[PDB]
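First up is the structure itself, then whatever we jot down about it.
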Amino acid sequence: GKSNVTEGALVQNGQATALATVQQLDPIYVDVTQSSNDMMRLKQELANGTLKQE
Amino acid sequence: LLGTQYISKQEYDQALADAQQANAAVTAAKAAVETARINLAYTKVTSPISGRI
């Protein structure tokens, strides 16, 4: 990514702001927000039943 | 003394170590001076960058 710091700017060890941001985009993660009560029925149903899965 | 009598190759080696050993300490302190100096003349100017202040 970008540089949290330009050259010459002082830094400390393990300091608060990391300097640059490495990243790996080949894979990626998607956090799916789920309604608490929802997923209940999910297993609630998936044993309910029925429901199913793959 | 080497090749001469008293040298006792072991003993000369003993000092030569001490040579070897001491000078290492020499290198040690020199850094100590160094660390300090870079901690003394460290101050201050400046952000290796040369620019409008």
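Naming scheme: A, B, ... for chains in displayed order of the structure tokens; residues 1 onward per chain; ligands 1 onward as shown.
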
Once DSSP has gone over the backbone, tell me which residues of chain A are in helix (DSSP H, G or I), as a compact mmCIF listing (two decimals) with C-alpha atoms, in the first residue's frame.
```txt
# COMPACT_ATOMS: atom_id res chain seq x y z
CA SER A 36 -28.20 -12.97 15.35
CA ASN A 37 -31.77 -14.27 15.55
CA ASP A 38 -31.56 -15.34 11.91
CA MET A 39 -28.90 -18.04 11.96
CA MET A 40 -30.85 -19.51 14.85
CA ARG A 41 -33.62 -20.66 12.52
CA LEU A 42 -30.80 -21.67 10.20
CA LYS A 43 -29.60 -24.48 12.43
CA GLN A 44 -33.01 -24.20 14.05
CA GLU A 45 -34.35 -25.19 10.64
CA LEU A 46 -31.38 -27.23 9.42
```

Kindly provide, as a compact mmCIF listing (two decimals) with C-alpha atoms, in the first residue's frame, the residues of chain B having any atom no farther than 10 Å from an atom of chain A, counting only C-alpha atoms.
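part-v1.txt was written with the following content:
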```txt
# COMPACT_ATOMS: atom_id res chain seq x y z
CA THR B 46 17.84 16.54 11.29
CA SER B 47 15.36 14.66 9.09
CA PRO B 48 18.03 13.41 6.68
CA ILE B 49 15.87 15.32 4.22
CA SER B 50 17.13 18.77 3.25
```

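Put simply, atom CA of residue B:23 is 17.9 Å away from atom CA of residue B:11.
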
Write out as a PyMOL selection string each polymer residue whose atoms come within 8 Å of residue A:19, counting only C-alpha atoms; drop sequence neighbours fewer than 3 positions from it. chain A and resi 3-5

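Atom CA of residue B:6 is found 18.4 Å from atom CA of residue B:19.
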